[PDB]
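What's in model_33.cif: mmCIF, C-alpha atoms
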```
data_start
#
loop_
_atom_site.label_atom_id
_atom_site.label_comp_id
_atom_site.auth_asym_id
_atom_site.auth_seq_id
_atom_site.Cartn_x
_atom_site.Cartn_y
_atom_site.Cartn_z
CA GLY U 1 43.00 -21.25 5.10
CA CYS U 2 41.31 -24.39 6.39
CA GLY U 3 41.55 -25.21 10.07
CA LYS U 4 40.14 -22.10 11.72
CA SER U 5 39.78 -19.20 9.28
CA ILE U 6 37.50 -21.10 6.90
CA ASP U 7 35.08 -21.90 9.74
CA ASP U 8 34.42 -18.19 10.24
CA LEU U 9 34.07 -17.94 6.46
CA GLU U 10 31.54 -20.79 6.29
CA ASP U 11 29.78 -19.32 9.31
CA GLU U 12 29.48 -16.03 7.52
CA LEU U 13 28.89 -17.63 4.10
CA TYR U 14 25.89 -19.48 5.46
CA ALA U 15 24.56 -16.34 7.16
CA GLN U 16 25.20 -13.97 4.23
CA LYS U 17 23.59 -16.37 1.74
CA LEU U 18 20.54 -16.69 3.97
CA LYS U 19 20.29 -12.90 4.15
CA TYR U 20 20.87 -12.79 0.39
CA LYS U 21 18.01 -15.25 -0.06
CA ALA U 22 15.84 -13.25 2.32
CA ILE U 23 16.52 -9.85 0.76
CA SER U 24 16.11 -11.17 -2.79
CA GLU U 25 12.96 -13.11 -1.87
CA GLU U 26 11.59 -10.03 -0.12
CA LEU U 27 12.23 -7.67 -3.03
CA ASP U 28 11.17 -10.31 -5.56
CA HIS U 29 7.83 -10.62 -3.80
CA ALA U 30 7.68 -6.82 -3.54
CA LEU U 31 7.56 -6.48 -7.33
CA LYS U 32 5.81 -9.85 -7.74
CA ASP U 33 2.93 -8.43 -5.71
CA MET U 34 1.50 -6.19 -8.40
CA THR U 35 3.74 -7.10 -11.37
CA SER U 36 1.66 -4.66 -13.43
CA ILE U 37 2.32 -1.07 -12.48
CA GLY T 1 35.56 -26.08 4.27
CA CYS T 2 39.00 -27.27 3.22
CA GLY T 3 41.27 -27.91 0.24
CA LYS T 4 38.61 -29.19 -2.13
CA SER T 5 36.16 -26.58 -3.39
CA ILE T 6 37.03 -23.84 -0.92
CA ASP T 7 37.89 -21.48 -3.78
CA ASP T 8 34.24 -21.50 -4.83
CA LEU T 9 33.33 -20.78 -1.22
CA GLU T 10 35.77 -17.89 -0.76
CA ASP T 11 34.85 -16.51 -4.18
CA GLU T 12 31.14 -16.63 -3.53
CA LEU T 13 31.53 -15.35 0.03
CA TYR T 14 33.25 -12.18 -1.15
CA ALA T 15 31.00 -11.92 -4.20
CA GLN T 16 27.75 -12.28 -2.25
CA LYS T 17 28.83 -9.87 0.50
CA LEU T 18 29.57 -7.28 -2.18
CA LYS T 19 26.23 -8.00 -3.85
CA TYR T 20 24.52 -7.64 -0.46
CA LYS T 21 25.98 -4.18 0.10
CA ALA T 22 25.56 -3.23 -3.56
CA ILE T 23 21.92 -4.34 -3.63
CA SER T 24 21.21 -2.34 -0.47
CA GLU T 25 22.85 0.64 -2.17
CA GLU T 26 20.88 -0.31 -5.26
CA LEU T 27 17.35 -0.37 -3.82
CA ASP T 28 18.10 2.87 -1.98
CA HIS T 29 19.17 4.89 -5.01
CA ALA T 30 16.99 2.89 -7.43
CA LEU T 31 13.83 4.16 -5.82
CA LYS T 32 15.35 7.53 -4.87
CA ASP T 33 16.29 8.24 -8.51
CA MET T 34 12.65 7.85 -9.44
CA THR T 35 11.29 10.57 -7.18
CA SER T 36 9.07 11.19 -10.23
CA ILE T 37 7.35 7.79 -10.45
CA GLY D 1 19.51 -2.05 -10.86
CA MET D 2 16.19 -3.49 -9.73
CA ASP D 3 15.33 -4.75 -13.21
CA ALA D 4 11.68 -5.41 -12.31
CA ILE D 5 10.37 -1.95 -11.41
CA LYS D 6 13.03 -0.15 -13.46
CA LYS D 7 11.86 -1.66 -16.74
CA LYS D 8 8.25 -1.83 -15.60
CA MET D 9 8.24 1.90 -14.81
CA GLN D 10 9.54 2.52 -18.31
CA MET D 11 6.74 0.33 -19.68
CA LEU D 12 4.39 2.10 -17.26
CA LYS D 13 5.08 5.64 -18.40
CA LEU D 14 5.42 4.63 -22.05
CA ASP D 15 1.84 3.38 -21.85
CA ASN D 16 0.58 6.28 -19.75
CA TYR D 17 2.38 8.76 -22.00
CA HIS D 18 0.57 7.51 -25.11
CA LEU D 19 -2.57 7.64 -22.98
CA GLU D 20 -2.02 11.23 -21.81
CA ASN D 21 -1.05 12.15 -25.36
CA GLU D 22 -4.26 10.59 -26.64
CA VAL D 23 -6.48 12.11 -23.95
CA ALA D 24 -4.88 15.54 -24.45
CA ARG D 25 -5.49 15.53 -28.20
CA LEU D 26 -8.84 13.86 -27.53
CA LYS D 27 -10.03 16.51 -25.05
CA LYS D 28 -8.95 19.04 -27.65
CA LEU D 29 -11.29 17.25 -30.07
CA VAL D 30 -13.95 17.47 -27.36
CA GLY D 31 -13.47 21.21 -27.62
CA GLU D 32 -13.81 20.82 -31.38
CA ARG D 33 -17.13 18.97 -31.07
CA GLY P 1 8.60 -5.73 0.68
CA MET P 2 9.69 -2.43 -0.82
CA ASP P 3 7.91 0.55 0.72
CA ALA P 4 9.09 3.15 -1.80
CA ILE P 5 7.62 1.64 -4.98
CA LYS P 6 4.59 0.09 -3.24
CA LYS P 7 3.45 3.26 -1.47
CA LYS P 8 4.41 5.63 -4.26
CA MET P 9 2.81 3.34 -6.86
CA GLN P 10 -0.36 3.79 -4.84
CA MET P 11 0.04 7.52 -5.46
CA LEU P 12 0.94 6.64 -9.05
CA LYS P 13 -2.13 4.44 -9.59
CA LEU P 14 -4.45 7.17 -8.34
CA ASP P 15 -2.91 9.49 -10.93
CA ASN P 16 -3.16 6.78 -13.59
CA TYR P 17 -6.77 6.16 -12.57
CA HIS P 18 -7.88 9.77 -13.04
CA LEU P 19 -6.13 9.65 -16.42
CA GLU P 20 -7.61 6.38 -17.68
CA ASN P 21 -10.99 7.19 -16.13
CA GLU P 22 -11.04 10.57 -17.85
CA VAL P 23 -9.92 9.25 -21.23
CA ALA P 24 -12.39 6.34 -21.05
CA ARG P 25 -15.41 8.53 -20.35
CA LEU P 26 -14.05 11.15 -22.71
CA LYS P 27 -13.66 8.92 -25.77
CA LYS P 28 -17.02 7.32 -24.99
CA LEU P 29 -18.60 10.78 -24.90
CA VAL P 30 -16.84 11.98 -28.06
CA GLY P 31 -17.82 8.69 -29.69
CA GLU P 32 -21.49 9.17 -28.85
CA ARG P 33 -21.29 12.59 -30.49
#
```
Go through the file and emit its structure as structure tokens.
Amino acid sequence: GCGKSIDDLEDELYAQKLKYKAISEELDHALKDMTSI
Amino acid sequence: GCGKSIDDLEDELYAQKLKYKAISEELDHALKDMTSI
Amino acid sequence: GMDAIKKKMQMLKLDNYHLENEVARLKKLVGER
Amino acid sequence: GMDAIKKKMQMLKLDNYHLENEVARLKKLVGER
């Protein structure tokens, strides 16, 4: 695992989690906007 | 990343990537289902 | 699912349904008087 | 954000508005009678 493979995993982990934060923050704000439909 | 808490990393990495794809699938059908909102 | 709008839409139409039910029976009463 | 709910809720709100606007004026008018 560690040595080479994990680096690509951490690379991706960091990226995916940032995208996860972005998408969740985006959609959270999307419903947060009105919050009373 | 190495033999310490890499399990958490690998776990989360696969979990979050699935969530990412599943949430994309989610928002798509979630709003599409409610063509009558 | 997107818990926010999913549940809020339910709450939405539950409210609007009692409203449309009221206004429908109400406008009927408007025809009564 | 989320185009679907936001834009369609705009459509929604306009429907809700004509409902709540009607029922408001209606019950006020039936109440004055």
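Annotation: chain U versus chain T, same sequence, C-alpha RMSD 2.6 Å after least-squares fit.
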Can you superpose chain D onto chain P by least squares over all C-alpha atoms paired in order and give the moved copy as a short mmCIF file (atom, residue, chain, number, x, y, z; two decimals) with C-alpha atoms, in the coordinates of the input?
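Just written: part-v3.cif:
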```cif
data_model
loop_
_atom_site.label_atom_id
_atom_site.label_comp_id
_atom_site.auth_asym_id
_atom_site.auth_seq_id
_atom_site.Cartn_x
_atom_site.Cartn_y
_atom_site.Cartn_z
CA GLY D 1 8.34 -3.52 2.40
CA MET D 2 10.16 -1.23 0.00
CA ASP D 3 8.16 1.82 1.08
CA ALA D 4 9.33 3.92 -1.88
CA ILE D 5 7.99 2.01 -4.89
CA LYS D 6 5.22 0.32 -2.88
CA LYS D 7 3.54 3.61 -2.00
CA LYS D 8 4.61 5.25 -5.24
CA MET D 9 2.99 2.47 -7.28
CA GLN D 10 -0.20 3.06 -5.32
CA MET D 11 0.08 6.78 -6.10
CA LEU D 12 0.98 5.80 -9.67
CA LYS D 13 -2.08 3.69 -10.39
CA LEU D 14 -4.39 5.96 -8.40
CA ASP D 15 -3.41 8.75 -10.78
CA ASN D 16 -3.47 6.57 -13.89
CA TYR D 17 -6.79 5.05 -12.84
CA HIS D 18 -8.48 8.46 -12.66
CA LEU D 19 -6.81 9.14 -16.00
CA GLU D 20 -8.05 5.93 -17.64
CA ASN D 21 -11.46 6.54 -16.08
CA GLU D 22 -11.48 10.05 -17.52
CA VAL D 23 -10.22 9.03 -20.96
CA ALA D 24 -12.71 6.14 -21.11
CA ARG D 25 -15.69 8.37 -20.32
CA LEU D 26 -14.09 11.06 -22.48
CA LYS D 27 -13.69 8.82 -25.55
CA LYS D 28 -17.31 7.86 -24.98
CA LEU D 29 -18.12 11.57 -25.21
CA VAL D 30 -16.05 11.63 -28.40
CA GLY D 31 -18.52 9.08 -29.69
CA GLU D 32 -21.28 11.40 -28.50
CA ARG D 33 -19.86 14.37 -30.43
#
```
Within 10 Å of (14.3, -4.6, -8.8), only C-alpha atoms: residues as an mmCIF file with C-alpha atoms, keeping the file's coordinate frame?
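Printed below is selection25.cif as written:
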```
data_model
loop_
_atom_site.group_PDB
_atom_site.id
_atom_site.type_symbol
_atom_site.label_atom_id
_atom_site.label_comp_id
_atom_site.auth_asym_id
_atom_site.auth_seq_id
_atom_site.Cartn_x
_atom_site.Cartn_y
_atom_site.Cartn_z
ATOM 1 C CA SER U 24 16.110 -11.170 -2.790
ATOM 2 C CA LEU U 27 12.230 -7.670 -3.030
ATOM 3 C CA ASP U 28 11.170 -10.310 -5.560
ATOM 4 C CA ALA U 30 7.680 -6.820 -3.540
ATOM 5 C CA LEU U 31 7.560 -6.480 -7.330
ATOM 6 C CA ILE T 23 21.920 -4.340 -3.630
ATOM 7 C CA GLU T 26 20.880 -0.310 -5.260
ATOM 8 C CA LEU T 27 17.350 -0.370 -3.820
ATOM 9 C CA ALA T 30 16.990 2.890 -7.430
ATOM 10 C CA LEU T 31 13.830 4.160 -5.820
ATOM 11 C CA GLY D 1 19.510 -2.050 -10.860
ATOM 12 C CA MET D 2 16.190 -3.490 -9.730
ATOM 13 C CA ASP D 3 15.330 -4.750 -13.210
ATOM 14 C CA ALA D 4 11.680 -5.410 -12.310
ATOM 15 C CA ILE D 5 10.370 -1.950 -11.410
ATOM 16 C CA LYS D 6 13.030 -0.150 -13.460
ATOM 17 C CA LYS D 7 11.860 -1.660 -16.740
ATOM 18 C CA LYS D 8 8.250 -1.830 -15.600
ATOM 19 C CA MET P 2 9.690 -2.430 -0.820
ATOM 20 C CA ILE P 5 7.620 1.640 -4.980
#
```
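Note that atom CA of residue 15 of chain P and atom CA of residue 11 of chain D are 15.9 Å apart.
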### Task
With the file shown as input, list the residues that the PyMOL selection byres ((chain U) within 8 of (chain T)) selects, as a count of residues only.
12
### Task
Given the file shown, determine the residues that the PyMOL selection byres ((chain P and resi 26) around 8) selects; report them as an MDAnalysis selection string.
(chainID D and resid 23 26:27 30) or (chainID P and resid 22:25 27:30)
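Among D:21, D:33, D:16, D:9, the residue with the shortest atom-to-atom distance to chain T, counting all atoms listed in the file, is D:9.
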### Query
Exactly which residues make up the result of the PyMOL selection byres ((chain U and resi 37) around 7) on this file, given as a ChimeraX atom specification?
/U:34-36 /D:8,12
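Going from atom CA of residue 19 of chain P to atom CA of residue 29 of chain T covers 28.2 Å.
Going from atom CA of residue 4 of chain U to atom CA of residue 4 of chain T covers 15.6 Å.
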